[PDB]
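> Would you mind keeping the following structure in view while I ask a few things?
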Amino acid sequence: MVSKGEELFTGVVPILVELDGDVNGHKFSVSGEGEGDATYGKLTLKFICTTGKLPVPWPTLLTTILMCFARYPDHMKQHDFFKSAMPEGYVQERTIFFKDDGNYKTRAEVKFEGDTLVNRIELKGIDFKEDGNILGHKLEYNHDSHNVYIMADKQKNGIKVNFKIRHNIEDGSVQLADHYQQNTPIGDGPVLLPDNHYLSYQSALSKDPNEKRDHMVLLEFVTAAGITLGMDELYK
């Protein structure tokens with residue numbers, strides 16, 4: 001018996017991810033599995049493209065393929081919409097705009113299925129350039145740190161999230177990926193509507209040396225933090 005969703009995250013929780021995608025007509029499926037530990041703000045996952053070769057670079061799918069595993073410090077736990085929506089879960093929707101290129105539109109349901117936290121996703125990508133950084137596979141295999149800004153959506157009883165990912169290109173340039181995100185509870189019960197805050201993300205991408213399928217091994221660390229009001233020197 002659990003009073004609050006956050007109670008479901010005191011220990012290690014198994015994770016499953018299932019993604020079906022279609023980018024410029026190229027269809028694929030990805031399966032992932034691993035575990036999360038919110039007390040540590042950690043998730044470890046391995047992803048397989050089960051349909052064959054992934055038609056886009058793994059790093060472009062990284063944000064798409066679990067904010068409920070963030071470590072919210074004690075003084076911020078009342079701002080944790082993600083765990084509060086559990087076990088029923090939440091819908092996470094994004095549009096991602098790659099600058100001077102296509103966009104991804106995604107919808108995901110993140111909820112418990114038995115003892116397992118499951119992220120099921122549909123992705124549609126359109127208008128990508130055949131010789132651009134995405135379909136041309138010009139991204140480095142990494143994903144730098146980033147702070148994700150969160151704001152309550154009172155009317156939808158959820159949250160809205162915007163951030164810009166800077167993907168490194170092998171020639172030393174950057175490919176911008178503008179993320180617009182919203183999350184709404186699946187269930188009808190009350191959720192915690194957060195004050196404005198951040199999630200700080202780190203991601204580390206690797207390969208299983210024994211794995212011959214197209215795949216990504218992913219480690220994320222994510223911790224919640226407050227905001228500070230920037231001031232220019234003049235006003236200090």
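Ordered as shown in the structure tokens, chains take letters A, B, and onward, while each chain numbers its residues from 1 and ligands are numbered from 1 in the order shown.
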Looking only at helix (DSSP H, G or I) from DSSP on the backbone, list the matching residues of stretch 19-183 of chain A as a VMD selection string.

chain A and resid 58 to 61 67 to 69 74 to 79 81 to 84

> Store the residues picked out above, limited to N, CA, C and O atoms, as a CSV table (one decimal), in the first residue's frame.


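Now in part.csv:
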```csv
chain,number,residue,atom,x,y,z
A,58,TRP,N,21.6,7.5,-32.9
A,58,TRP,CA,21.2,7.2,-31.6
A,58,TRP,C,21.0,8.5,-30.7
A,58,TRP,O,20.0,8.7,-30.0
A,59,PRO,N,22.0,9.4,-30.8
A,59,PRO,CA,21.9,10.6,-30.0
A,59,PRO,C,20.6,11.4,-30.3
A,59,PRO,O,20.2,12.1,-29.3
A,60,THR,N,20.1,11.4,-31.5
A,60,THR,CA,18.9,12.2,-31.7
A,60,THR,C,17.7,11.6,-31.0
A,60,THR,O,16.7,12.3,-30.9
A,61,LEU,N,17.7,10.3,-30.6
A,61,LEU,CA,16.6,9.7,-30.0
A,61,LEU,C,16.7,9.7,-28.5
A,61,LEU,O,15.8,9.2,-27.7
A,67,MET,N,11.8,11.0,-16.6
A,67,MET,CA,12.1,12.1,-15.7
A,67,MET,C,11.7,11.7,-14.2
A,67,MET,O,12.1,12.4,-13.3
A,68,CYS,N,10.9,10.7,-14.1
A,68,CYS,CA,10.5,10.2,-12.8
A,68,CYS,C,11.7,9.6,-12.0
A,68,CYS,O,11.6,9.4,-10.8
A,69,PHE,N,12.9,9.4,-12.6
A,69,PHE,CA,14.0,8.9,-11.9
A,69,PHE,C,15.0,10.0,-11.4
A,69,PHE,O,16.1,9.7,-10.9
A,74,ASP,N,15.4,16.7,-0.6
A,74,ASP,CA,14.3,16.8,0.4
A,74,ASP,C,13.5,18.1,0.3
A,74,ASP,O,12.3,18.1,0.2
A,75,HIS,N,14.2,19.2,0.3
A,75,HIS,CA,13.5,20.5,0.3
A,75,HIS,C,12.8,20.8,-1.0
A,75,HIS,O,12.1,21.8,-1.1
A,76,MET,N,12.8,19.9,-2.0
A,76,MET,CA,12.1,20.1,-3.3
A,76,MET,C,11.1,19.0,-3.6
A,76,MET,O,10.5,19.1,-4.7
A,77,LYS,N,11.0,18.0,-2.7
A,77,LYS,CA,10.1,16.9,-3.0
A,77,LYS,C,8.7,17.2,-3.4
A,77,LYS,O,8.0,16.5,-4.1
A,78,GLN,N,8.2,18.4,-2.9
A,78,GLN,CA,6.8,18.8,-3.2
A,78,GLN,C,6.7,19.3,-4.6
A,78,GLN,O,5.6,19.6,-5.1
A,79,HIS,N,7.8,19.3,-5.4
A,79,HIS,CA,7.8,19.8,-6.7
A,79,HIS,C,7.9,18.7,-7.8
A,79,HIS,O,8.1,19.0,-8.9
A,81,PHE,N,6.4,16.4,-9.9
A,81,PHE,CA,5.2,16.0,-10.6
A,81,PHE,C,5.3,14.6,-11.1
A,81,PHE,O,4.3,13.8,-11.1
A,82,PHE,N,6.5,14.2,-11.5
A,82,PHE,CA,6.7,12.9,-12.2
A,82,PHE,C,6.4,11.7,-11.4
A,82,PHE,O,5.6,10.8,-11.8
A,83,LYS,N,6.9,11.7,-10.2
A,83,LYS,CA,6.6,10.5,-9.3
A,83,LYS,C,5.2,10.6,-8.7
A,83,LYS,O,4.6,9.5,-8.5
A,84,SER,N,4.7,11.8,-8.6
A,84,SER,CA,3.3,11.9,-8.0
A,84,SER,C,2.2,11.4,-8.8
A,84,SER,O,1.2,10.9,-8.3
```

> Near stretch 20-23 of chain A, within 6 Å and counting only C-alpha atoms, which residues show up once chain neighbours fewer than 3 positions away are dropped, as a list in words?

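With the cut-off at 6 Å, the set is residues 26, 27, 28, 29, 122, 123, 124, 125 and 126 of chain A.
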
> Where does DSSP see strand (DSSP E) in stretch 26-154 of chain A, if you list the residues as a ChimeraX atom specification?

/A:26-37,42-49,90-98,103-113,116-126,146-153

> What is the distance, in Å and to one decimal place, between atom CA of residue A:157 and atom CA of residue A:1?

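According to the coordinates, atom CA of residue A:157 and atom CA of residue A:1 are separated by 24.6 Å.
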
> Compare A:222, A:70, A:169, A:12 by their minimum atom-to-atom distance to residue A:201, counting only C-alpha atoms, and give me the closest one.

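The answer is A:222, which sits nearest to residue A:201.
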
> Go through A:144, A:178, A:171, A:153 and flag the residue nearest residue A:102, using only C-alpha atoms for the distances.

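Going through A:144, A:178, A:171, A:153 one by one, the smallest distance to residue A:102 is for A:178.
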
> Please list as an MDAnalysis selection string every residue within 12 Å of residue A:2, counting only C-alpha atoms and excluding residues in the same chain fewer than 6 positions away.

chainID A and resid 8:10 84 86:87

> Tell me, in Å to one decimal, how far atom CA of residue A:207 is from atom CA of residue A:47.

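According to the coordinates, atom CA of residue A:207 and atom CA of residue A:47 are separated by 10.1 Å.
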
> Could you name the residues that touch residue A:107 at 10 Å or less, counting only C-alpha atoms, but leaving out those on the same chain fewer than 6 positions away, as JSON, numbers by chain?

{"A": [19, 64, 91, 92, 93, 94, 95, 120, 121, 122, 123, 124, 181, 182, 183]}
